[PDB]
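Working notes, structure below.
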Amino acid sequence: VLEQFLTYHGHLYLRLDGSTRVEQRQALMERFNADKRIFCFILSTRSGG
DNA sequence: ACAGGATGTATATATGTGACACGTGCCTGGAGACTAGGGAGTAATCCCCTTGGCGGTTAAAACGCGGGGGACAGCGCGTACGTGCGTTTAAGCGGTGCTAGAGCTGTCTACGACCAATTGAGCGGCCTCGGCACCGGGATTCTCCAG
């Protein structure tokens, strides 16, 4: 529902959940901390610490 | 060819089992009045858990694939089992015809059952620590080509 809300307003994002693979997690991290277009980085609180 | 006797044969009638329905009597239910004890019905304790949602990590499943070696059918064929048959063996369907031996009735004890004591198993509660359970090798011993 957070993504459903962010879409209605038009906000780029790259979600992150425990179900994501560590490879995908690292790829998303590298693509977010490098690309300035993405405005949000939705993730879980108690994910990989 | 026929008129009547000399045998059959289903047909109809009075007599043998069985099983239901009835009719008496005598046990077994029913009816009643006491006296627990059992069980219901809260009211307290001690467990040790409780659930949702979610992130993480490792092995048990889950899946792919090859391939082999088994599961099936067909073929054949040779006992071998059913199918008649003629024989004969012995079940059995009624009988007679004793006797053990159930089944009972009665009698009368030893033998349980409470039962109130008495008390020592036995049960829980801790403590301890050998004994299995797992590591780590190191031999051995199967399995599988591969000749």
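Please note that chains go A, B, ... in the order of the structure tokens, that every chain numbers its residues from 1, and that ligands are numbered from 1 in the order shown.
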
Show me a table, sorted first by chain and then by increasing residue number, of the residues of chain B having an atom at most 9 Å from chain A, each with its shortest atom pair and the distance in Å to one decimal, counting only C-alpha atoms (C1' of nucleotides) and written as a tab-separated table.
```
residue	atom	partner	partner_atom	distance
B:54	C1'	A:18	CA	8.0
B:55	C1'	A:18	CA	5.6
B:56	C1'	A:18	CA	8.1
```

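Within chain A, DSSP applied to the backbone places the following residues in alpha helix (DSSP H): residues 2, 3, 4, 5, 6, 7, 8, 9, 22, 23, 24, 25, 26, 27, 28, 29, 30, 31 and 32 of chain A.
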
Exercise. Which one is closest to residue 28 (chain A): A:14, A:6, A:1, A:40? Count only C-alpha atoms.
Worked result: A:14

For this session: Find the distance between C1' of residue 28 (chain B) and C1' of residue 105 (chain B) and write it in Å to one decimal.
Result: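 About the pair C1' of residue 28 (chain B) and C1' of residue 105 (chain B): they are 21.0 Å apart.
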
Problem set entry | Atom-to-atom span, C1' of residue 145 (chain B) and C1' of residue 69 (chain B), Å |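 One can read the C1' of residue 145 (chain B) to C1' of residue 69 (chain B) distance as 17.7 Å.
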
Problem set entry | Spatial neighbours of residue 38 (chain A), 10 Å, only C-alpha atoms (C1' of nucleotides), chain gap at least 4 places, as a ChimeraX atom specification | /A:11-14,31-34

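Straight-line separation from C1' of residue 134 (chain B) to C1' of residue 61 (chain B): 26.7 Å.
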